[PDB]
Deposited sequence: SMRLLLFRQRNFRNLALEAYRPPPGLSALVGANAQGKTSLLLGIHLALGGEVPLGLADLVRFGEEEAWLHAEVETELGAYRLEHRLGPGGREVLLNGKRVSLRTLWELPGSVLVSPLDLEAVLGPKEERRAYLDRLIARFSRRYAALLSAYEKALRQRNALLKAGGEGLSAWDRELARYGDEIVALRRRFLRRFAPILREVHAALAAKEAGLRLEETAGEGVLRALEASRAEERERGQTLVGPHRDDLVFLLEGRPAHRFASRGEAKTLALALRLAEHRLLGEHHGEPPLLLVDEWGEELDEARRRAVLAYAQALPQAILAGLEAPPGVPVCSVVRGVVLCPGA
């Protein structure tokens, strides 16, 4: 899988015509407010990623935006186009209009941004949401199960809050959905962890791991039964998959209370790389990797280790203030991209 060519028109402050990355590792160098982030975001969007408001991606004082990418995978090349404006996105695959759910099947790309630290140093809700979306990216049953469980819990809470009534079927539905959600989460986390541990061991010297806390580990029905008095007193369901907690551990201690900036950044990068490797082993071919602002808050040894690890990937693009040594480099000045 290689991104052969990429064109755009009226997208943020970009003012280029074409960009042709070479195979293997590459680099981008620019000063503040030049357009590295805009270029990476456009490349991510062109392949069918996720992002900024849809109306904020158009150049100032304009109404139409155009993105075009040409990728030649192993089986055969194909083209993509995007139209943005007031009406909305118009994704067409090789000339035929099609929905995004079709693009969901394609490999795509992985983007690493400074926004991934909040999944490590954030509150419980952010970590739970991150885990939910990470699991959802691999399977389709998970989203339907989550939606059904949410609706059932909403109905049960609404019925319980307003006086009293017969609560027999709602408990059955809630248990029937939770027993599957918890099992799927356990099955995924049993396999995810070793890859992350190995990747972090490659990147750094300490040890990393994951811990999941389950309120109802034996059954939703029994957990609901064993708390009826306080459930009726408070008026809310106090057990279920929607109250689990996920904690990242550095040397057996929570990361959101003891880790520093460099350790947190390394942990986030390791998580993203583990996800990339799992996606590559699952779909069939590794996706393109995009890393933004790779080496600011790291020392010399960590930067060298990161570069050595990234040297072995089929394709990657790095952006930052300082050029890595020994790799091809391209510069960005006021939105235009020029290469030697």
*May I ask you to mark the stretches of the deposited sequence that the structure leaves without C-alpha coordinates?*
1, 53, 343 to 344
